[PDB]
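Positions of Cβ are generated from backbone atoms using ideal geometry, with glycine treated the same way; all protein chains shown enter the neighbour counts. Read-outs: derived from the displayed coordinates by stated rules, not from any lab.
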Amino acid sequence: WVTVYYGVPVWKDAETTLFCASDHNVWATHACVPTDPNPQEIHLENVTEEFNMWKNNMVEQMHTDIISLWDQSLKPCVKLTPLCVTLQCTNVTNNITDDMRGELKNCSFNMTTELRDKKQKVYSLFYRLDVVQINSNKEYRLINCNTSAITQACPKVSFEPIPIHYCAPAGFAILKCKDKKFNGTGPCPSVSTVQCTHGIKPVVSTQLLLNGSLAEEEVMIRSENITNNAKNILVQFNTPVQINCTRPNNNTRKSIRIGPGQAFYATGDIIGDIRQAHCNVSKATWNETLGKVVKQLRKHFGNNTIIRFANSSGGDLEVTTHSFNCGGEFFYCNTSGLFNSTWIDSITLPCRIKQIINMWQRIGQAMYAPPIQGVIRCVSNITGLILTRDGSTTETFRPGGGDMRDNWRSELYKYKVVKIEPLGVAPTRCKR
Amino acid sequence: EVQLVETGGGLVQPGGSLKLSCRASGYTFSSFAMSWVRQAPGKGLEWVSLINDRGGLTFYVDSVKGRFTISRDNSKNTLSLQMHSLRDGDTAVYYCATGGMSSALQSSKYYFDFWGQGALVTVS
Amino acid sequence: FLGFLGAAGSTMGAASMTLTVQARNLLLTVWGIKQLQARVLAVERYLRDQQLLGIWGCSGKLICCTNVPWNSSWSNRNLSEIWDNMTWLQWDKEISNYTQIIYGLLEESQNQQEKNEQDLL
Amino acid sequence: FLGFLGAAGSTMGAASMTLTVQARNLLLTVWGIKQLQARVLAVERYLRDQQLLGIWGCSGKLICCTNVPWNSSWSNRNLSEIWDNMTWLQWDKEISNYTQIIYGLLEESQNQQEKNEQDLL
Amino acid sequence: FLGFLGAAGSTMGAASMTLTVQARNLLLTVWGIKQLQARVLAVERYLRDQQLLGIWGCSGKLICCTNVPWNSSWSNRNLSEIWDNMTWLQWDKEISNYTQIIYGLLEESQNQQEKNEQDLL
Ligand SMILES: *[C@@H]1O[C@H](CO)[C@@H](O[C@@H]2O[C@H](CO)[C@@H](O[C@@H]3O[C@H](CO)[C@@H](O)[C@H](O[C@H]4O[C@H](CO)[C@@H](O)[C@H](O)[C@@H]4O)[C@@H]3O)[C@H](O)[C@H]2NC(C)=O)[C@H](O)[C@H]1NC(C)=O
Ligand SMILES: *[C@@H]1O[C@H](CO)[C@@H](O[C@@H]2O[C@H](CO)[C@@H](O)[C@H](O)[C@H]2NC(C)=O)[C@H](O)[C@H]1NC(C)=O
Ligand SMILES: *[C@@H]1O[C@H](CO)[C@@H](O[C@@H]2O[C@H](CO)[C@@H](O)[C@H](O)[C@H]2NC(C)=O)[C@H](O)[C@H]1NC(C)=O
Ligand SMILES: *[C@@H]1O[C@H](CO)[C@@H](O[C@@H]2O[C@H](CO)[C@@H](O)[C@H](O)[C@H]2NC(C)=O)[C@H](O)[C@H]1NC(C)=O
Ligand SMILES: *[C@@H]1O[C@H](CO)[C@@H](O[C@@H]2O[C@H](CO)[C@@H](O)[C@H](O)[C@H]2NC(C)=O)[C@H](O)[C@H]1NC(C)=O
Ligand SMILES: *[C@@H]1O[C@H](CO)[C@@H](O)[C@H](O)[C@H]1NC(C)=O
Ligand SMILES: *[C@@H]1O[C@H](CO)[C@@H](O)[C@H](O)[C@H]1NC(C)=O
Ligand SMILES: *[C@@H]1O[C@H](CO)[C@@H](O)[C@H](O)[C@H]1NC(C)=O
Ligand SMILES: *[C@@H]1O[C@H](CO)[C@@H](O)[C@H](O)[C@H]1NC(C)=O
Ligand SMILES: *[C@@H]1O[C@H](CO)[C@@H](O)[C@H](O)[C@H]1NC(C)=O
Ligand SMILES: *[C@@H]1O[C@H](CO)[C@@H](O)[C@H](O)[C@H]1NC(C)=O
Ligand SMILES: *[C@@H]1O[C@H](CO)[C@@H](O)[C@H](O)[C@H]1NC(C)=O
Ligand SMILES: *[C@@H]1O[C@H](CO)[C@@H](O)[C@H](O)[C@H]1NC(C)=O
Ligand SMILES: *[C@@H]1O[C@H](CO)[C@@H](O)[C@H](O)[C@H]1NC(C)=O
Ligand SMILES: *[C@@H]1O[C@H](CO)[C@@H](O)[C@H](O)[C@H]1NC(C)=O
Ligand SMILES: *[C@@H]1O[C@H](CO)[C@@H](O)[C@H](O)[C@H]1NC(C)=O
Ligand SMILES: *[C@@H]1O[C@H](CO)[C@@H](O)[C@H](O)[C@H]1NC(C)=O
Ligand SMILES: *[C@@H]1O[C@H](CO)[C@@H](O)[C@H](O)[C@H]1NC(C)=O
Ligand SMILES: *[C@@H]1O[C@H](CO)[C@@H](O)[C@H](O)[C@H]1NC(C)=O
Ligand SMILES: *[C@@H]1O[C@H](CO)[C@@H](O)[C@H](O)[C@H]1NC(C)=O
Ligand SMILES: *[C@@H]1O[C@H](CO)[C@@H](O)[C@H](O)[C@H]1NC(C)=O
Ligand SMILES: *[C@@H]1O[C@H](CO)[C@@H](O)[C@H](O)[C@H]1NC(C)=O
Ligand SMILES: *[C@@H]1O[C@H](CO)[C@@H](O)[C@H](O)[C@H]1NC(C)=O
Ligand SMILES: *[C@@H]1O[C@H](CO)[C@@H](O)[C@H](O)[C@H]1NC(C)=O
Ligand SMILES: *[C@@H]1O[C@H](CO)[C@@H](O)[C@H](O)[C@H]1NC(C)=O
Ligand SMILES: *[C@@H]1O[C@H](CO)[C@@H](O)[C@H](O)[C@H]1NC(C)=O
Ligand SMILES: *[C@@H]1O[C@H](CO)[C@@H](O)[C@H](O)[C@H]1NC(C)=O
Ligand SMILES: *[C@@H]1O[C@H](CO)[C@@H](O)[C@H](O)[C@H]1NC(C)=O
Ligand SMILES: *[C@@H]1O[C@H](CO)[C@@H](O)[C@H](O)[C@H]1NC(C)=O
Ligand SMILES: *[C@@H]1O[C@H](CO)[C@@H](O)[C@H](O)[C@H]1NC(C)=O
Ligand SMILES: *[C@@H]1O[C@H](CO)[C@@H](O)[C@H](O)[C@H]1NC(C)=O
Ligand SMILES: *[C@@H]1O[C@H](CO)[C@@H](O)[C@H](O)[C@H]1NC(C)=O
């Protein structure tokens, strides 16, 4: 009566190590497995599987992998310890517009040279957000000097978010939920087995999610607990909103030798006029998009509820603004022009630029972003929002963010990792 | 309602050969094992052969073991029995029947559930 | 037809014809260690199942018929329900609590016949 | 006599008496990773061949006689040429294009008898 | 009863009923390498013994009866002393010098019957 089968199509929830695969990067370079040009996907008929995007450890793994890869790409680069000196700074007033009056500072300092016996007097431009006035009214220091060592990113390694595919090790499988109108939790039909995830771009941003995937039919609202005001709401658009960002300043770069085989990349004089960095969002598109978002929020809050949008709360620049990295430079844009309405050309968002960046939410590891020559222009898709609900007839929504896991959870919500358990027994009617 | 319809020649010379067949309908053919049973002109029933639902296993009564072949084709819903050599003692009505074995992953039968009407074969 | 886990939603007797499909899918130094650990583990898991089939007398088989009777207390169902209605995922849940008992019995009966076979030689 | 690969230039039937000779030869952290990868790979390659023999019903054997007929289109030669004139290196080249067909057929015939053997019990 | 190595002080015939007990117990990057090397080695040692049982025709068994006669020069003792008085540790010392001879003979007799079995088919 007892019979033993091996190769039985049974699985259990599991947590394992996934490996990266992909078709001068910060992240995946040669330490990444080449992908399968014709990957498989198998539809599972009559299979219902429970998914929970808020308990998905693929998110934790991706967070750890991208931070570790980030650090490994800075480890061999030039230390800028010799740069933490007293700076003598004045204002840049040459062909400066009103929007940036006081934003750039012209600083001179005594830097080391290839030879230990000699110093050189050099100057460079810094943004006001990179420096601290000390004491002598022209004396400044870089912002990180009392907190951390700073290194210069190697200007050969780009920050372009080249996609990574996560693949399961043998004995494991990745299940994908294809059920449209899947809100991140509970069971879903239409489950398929895949070898690897689709390519997910490690785009780093706050408030607005850029260059991600789109919802299949309608705008979707996902949250761990929609009635808990301490939780974030991830909003996935079913259409992109195009955003055009720029730094309209023709910059030049100069190399300062600071030691035997090391150089600092400094910003030289700006060619032409000096103007403020900004992003343009089409107003009509934004308005239609916001339309769809409210229609869906009402499904959870009432169709007779007043829904208001408001700008972010105060706090650190890295959280209160829309942070992104494009063209190799780090932008901090003011989104109060996008979130200012009751219910529901172009909208111009002014932006600030920084050179000294404290990544993720760490303290102790700062990096200096070498300046980029020429003029930067970026075109990207807003594919979703991170909102926080401020809270009896109205609700207020504000932009949120800063926890990078929310930016990956939004792409990995469809995937689950399971472990295959090939043995099983059953009654039959035979006897050895 | 199911049907089993035997067809095939009914008159042969000894030393020759004969093929009988049985068309089935009204049930999933592939779910059942099948067999042939003889009715002697003036006596009782005798089991002759048995075939598995998948057609891979065949069994015979010793008296026809080196002479008869039982075959099954699940795409046409048919059985066939190929007789060779033929003896006077093989004159009988040959019945097509559903049952006889089992598939070891389901309840056993070891009995015959359905019968056709039978082909009459005379060996001269 | 469908490949790996394609039969997952099929009944137990519709499945179990695909056993080779699943059996074949079981097969900067920090990234090196992570990948090796994943590969070493796949090997270790594979070998534990093979050792277990070996001690039960099922080495080299995907379908092994044993000499242990089924206890109706493990699952009081007939063959028609088990093989024609249920899927393997459902079955695994139904008898989860009896797996270790069954495994112990399978080992014991193999030890007994392994010895009887020596006495007969 | 000669050891590993000593029979490589011998004919197929002169060779194939040395199967255990070849079967037994299949078994600063950066240098650590390189060596472990080589060792892990040797294990994985060994196990894939063993799994394959297993699903074909040839587990535990070096010479396994199967139930799949030879198609003359794969190689229209008689036994005298294959076993007395040819070497295994030459043979492997001659039928390279049919290897996957043959492997698929071997798996299928094992699945069929594995099931027939259950029905007979 | 006692678990792993519990029978170590028992006689050979009292032991050898516990074979599955022992068989189942055979299964910062610097610490990573040390642990992986230990795990890889456990796998390699396991597989070498399994390969060896395979070439002797004992695959899948814990107790394998062979076709090689015992040479009294290896140990001139009767069954009563070997199975009822001696332990396996004592026995291993007594015949240590003949282990490689015995292993060679076991391989040879398997090669011969493996071939005879082909001629009979
Ligand atoms: C959202 O996706 C879009 C596209 O999918 C992406 O926009 C792309 O950004 C990259 C980087 O800014 C653009 O490529 C650059 O284009 C400029 C044009 O003058 C070139 O000069 C750049 O080349 C220099 O830098 C390279 C770095 O390795 C050097 O190798 C090279 O020699 C040059 O020095 C570079 O080509 C790209 O064109 C756009 N794509 C489009 C369609 O505009 C956008 O950034 C994504 N959004 C976010 C926030 O990531
Ligand atoms: C490093 O220096 C900065 C700048 O002086 C310190 O940050 C200031 O801390 C005071 C404390 O009352 C605040 O009021 C200022 O607004 C802070 N300035 C900024 C720009 O945030 C910082 O705390 C110092 N770090 C350490 C470790 O002492
Ligand atoms: C930043 O200050 C430097 C001086 O510290 C300016 O450079 C000088 O510009 C005058 C203009 O004729 C030249 O004659 C000097 O020789 C320049 N000095 C050096 C060291 O080159 C610089 O132009 C200022 N930059 C900005 C943007 O205001
Ligand atoms: C983001 O942009 C808005 C819009 O330009 C800034 O809003 C101004 O804030 C000051 C602060 O009291 C108000 O007095 C102005 O009237 C505001 N303007 C408008 C049009 O509302 C806002 O301050 C910017 N945020 C930050 C952090 O700089
Ligand atoms: C913004 O989103 C649109 C819509 O998804 C992207 O354009 C699509 O790109 C895919 C790539 O295979 C094409 O198959 C679609 O037909 C494109 N849609 C249209 C309407 O042309 C667009 O590339 C995205 N922009 C960025 C910067 O990623
Ligand atoms: C402002 O730009 C014009 C453009 O030619 C240039 O000639 C002028 O010198 C610039 N002014 C300063 C102070 O650099
Ligand atoms: C630079 O501009 C700011 C604008 O408020 C002013 O307060 C500051 O004193 C100026 N610095 C110099 C050196 O003139
Ligand atoms: C550089 O060192 C000299 C030494 O006398 C000092 O006078 C000068 O101010 C220093 N330069 C700066 C920009 O501090
Ligand atoms: C998501 O769908 C499940 C399906 O039952 C539902 O229970 C859950 O409450 C939904 N999520 C929200 C935020 O309503
Ligand atoms: C959602 O948040 C509310 C806020 O108090 C809490 O009471 C409720 O239990 C939460 N939901 C779940 C499923 O815990
Ligand atoms: C944004 O719109 C203004 C409106 O005149 C335009 O001048 C500016 O160039 C636009 N910016 C971008 C990045 O297209
Ligand atoms: C962005 O640039 C494209 C052309 O590259 C233009 O068609 C589009 O309207 C721009 N978007 C905005 C918001 O200005
Ligand atoms: C957004 O769309 C609504 C639709 O009625 C319209 O009334 C509103 O003025 C629009 N807002 C903008 C900024 O165009
Ligand atoms: C909200 O929409 C639902 C959809 O069926 C409807 O039944 C309900 O009455 C609506 N509420 C209001 C206030 O219109
Ligand atoms: C939000 O808008 C108000 C308008 O008064 C402004 O004071 C506040 O600073 C804005 N907050 C941010 C983070 O931009
Ligand atoms: C927000 O809406 C009010 C409505 O009167 C408008 O006056 C204000 O300028 C808007 N704020 C921004 C930042 O556009
Ligand atoms: C920056 O100025 C240089 C000066 O000749 C010019 O050639 C270059 O094209 C300018 N860059 C841009 C983006 O206009
Ligand atoms: C899924 O269930 C339907 C129900 O009739 C069945 O016909 C179908 O074959 C099932 N899927 C598979 C893979 O068997
Ligand atoms: C069947 O299981 C019960 C306990 O679940 C046990 O008492 C009984 O003896 C078992 N049957 C046999 C034949 O051992
Ligand atoms: C046996 O199969 C029949 C089919 O209807 C089912 O009703 C009966 O309950 C089954 N036996 C057991 C033990 O459940
Ligand atoms: C089990 O399969 C049989 C096949 O005819 C069907 O009649 C029966 O209703 C099925 N039972 C269940 C619970 O699906
Ligand atoms: C298995 O154990 C759990 C523990 O609570 C129990 O609830 C469940 O019913 C048991 N399963 C069976 C089939 O008795
Ligand atoms: C090599 O070829 C010669 C040709 O006669 C043959 O006799 C010899 O035995 C071959 N070598 C081996 C290892 O058989
Ligand atoms: C032999 O191979 C040919 C194609 O190479 C194929 O058509 C033929 O059917 C095969 N023979 C058998 C018995 O299948
Ligand atoms: C059979 O062996 C003979 C030996 O001379 C050879 O000539 C003949 O061609 C062989 N058969 C085939 C199919 O080649
Ligand atoms: C094959 O071996 C036979 C053995 O006598 C020999 O006569 C024949 O010529 C050989 N053929 C080739 C091609 O070497
Ligand atoms: C195997 O495929 C290659 C591809 O060109 C072909 O040339 C060769 O002749 C084929 N081998 C056989 C034995 O047909
Ligand atoms: C140890 O030796 C004594 C001697 O009589 C024996 O009885 C006992 O069983 C031995 N231990 C074991 C594990 O057999
Ligand atoms: C037994 O071993 C001796 C040498 O130890 C050897 O000479 C003798 O031939 C062996 N017996 C047999 C039957 O081979
Ligand atoms: C056989 O067993 C007896 C038991 O006393 C022992 O004395 C004798 O020496 C044994 N035979 C050999 C070869 O030692
Ligand atoms: C071996 O076991 C027998 C069992 O009766 C015992 O009499 C004999 O003395 C034992 N021999 C030794 C050496 O212990
Ligand atoms: C095994 O070899 C050693 C080497 O000195 C020898 O002393 C020992 O007696 C040998 N063992 C036997 C059983 O002869």
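Restricting segment E:87-116 to residues that are closer than 23 Å to C:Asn111 by Cβ and out of contact with any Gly (no Cβ under 9 Å at 6 or more places or on another chain), the residue that is nearest to ligand 14 (Cβ to nearest atom) is E:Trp88.
Can we say A:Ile256 is of a type in the set (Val, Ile, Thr), more than 14 Å from chain C (Cβ to nearest Cβ), under 26 Å from the mean Cα position of the chain (by Cα) and away from ligand 23 (no atom under 16 Å from the Cβ)? So A:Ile256 fails the test.
Looking only at segment B:12-62, filter to residues that are in contact with an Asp or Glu (Cβ under 9 Å, 6 or more places away or on another chain) and basic (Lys, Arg); which one of those is nearest to B:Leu105 (Cα to Cα)? Checking each candidate, the answer is B:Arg54.
Residues checked against (1) part of a helix (DSSP H, G or I); (2) away from ligand 18 (no atom under 16 Å from the Cβ); (3) within 8 Å of another protein chain (Cβ to nearest Cβ):
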site	(1), (2), (3)
C:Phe4	no, no, yes
C:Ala8	yes, no, yes
C:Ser16	no, no, yes
C:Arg39	yes, yes, yes
C:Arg45	yes, yes, yes
C:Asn71	no, yes, no
C:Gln90	yes, no, no
C:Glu107	yes, yes, yes
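Against the test of being touching a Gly at 6+ places or on another chain (Cβ under 7 Å) and of a type in the set (A, V, I, L, M, F, W, C), the options A:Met53, A:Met62 yield a single qualifying residue, A:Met53. Screening the candidates A:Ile372, A:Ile386, A:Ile344 for the property of being more than 16 Å from ligand 6 (Cβ to nearest atom) and either within 14 Å of chain D (Cβ to nearest Cβ) or not in a loop (DSSP other than H, G, I, E, B) (or both) yields one hit, A:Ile386.
Within segment A:39-55, one or more residues are surrounded by 14 or more Cβ atoms within 10 Å (Cβ to Cβ), more than 8 Å from every other protein chain (Cβ to nearest Cβ), outside any loop (DSSP other than H, G, I, E, B) and under 19 Å from the mean Cα position of the chain (by Cα).
A quick yes/no check of all residues on (1) under 30 Å from A:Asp269 (Cβ atoms); (2) within 16 Å of ligand 14 (Cβ to nearest atom); (3) surrounded by fewer than 17 Cβ atoms within 10 Å (Cβ to Cβ):
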| site | (1), (2), (3) |
| --- | --- |
| A:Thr320 | no, no, no |
| A:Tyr332 | yes, no, no |
| A:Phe339 | no, no, no |
| A:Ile344 | no, no, yes |
| A:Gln355 | yes, no, no |
| A:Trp360 | no, no, yes |
| A:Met367 | yes, no, no |
| A:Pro370 | yes, no, no |
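When we screen A:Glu41, A:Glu49, A:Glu45 for residues that are over 22 Å from C:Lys34 (Cβ atoms) and either out of contact with any strand residue (DSSP E or B) (no Cβ under 8 Å at 6 or more places or on another chain) or among the hydrophobic types (A, V, I, L, M, F, W, C) (or both), the only hit is A:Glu45.
Take A:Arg275 and decide whether it is within 16 Å of ligand 17 (Cβ to nearest atom) and touching a helix residue (DSSP H, G or I) at 6+ places or on another chain (Cβ under 8 Å). Yes, satisfied. Of all the listed residues (A:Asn232, A:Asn225, A:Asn250), the sole one being under 22 Å from the mean Cα position of the chain (by Cα) and more than 16 Å from ligand 2 (Cβ to nearest atom) is A:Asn232. If the requirement is being buried (at least 17 other Cβ atoms within 10 Å of the Cβ), in contact with a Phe, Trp or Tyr (Cβ under 6 Å, 6 or more places away or on another chain) and more than 22 Å from D:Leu120 (Cβ to Cβ), which of these qualifies: C:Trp74, C:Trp88? One residue alone meets the criteria, C:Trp74.
The set of residues from segment A:398-432 being over 12 Å from A:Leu234 (Cβ atoms) and hydrophobic (A, V, I, L, M, F, W, C) comprises A:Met404, A:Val417, A:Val418, A:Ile420, A:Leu423, A:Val425, A:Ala426, A:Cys430.
Identify, please: which residue in segment B:35-62 is out of contact with any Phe, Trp or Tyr (no Cβ under 9 Å at 6 or more places or on another chain) and of a type in the set (A, V, I, L, M) and is, among those, surrounded by the most Cβ atoms within 10 Å (Cβ to Cβ)? Step by step, filter segment B:35-62, then rank; the result is B:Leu57.
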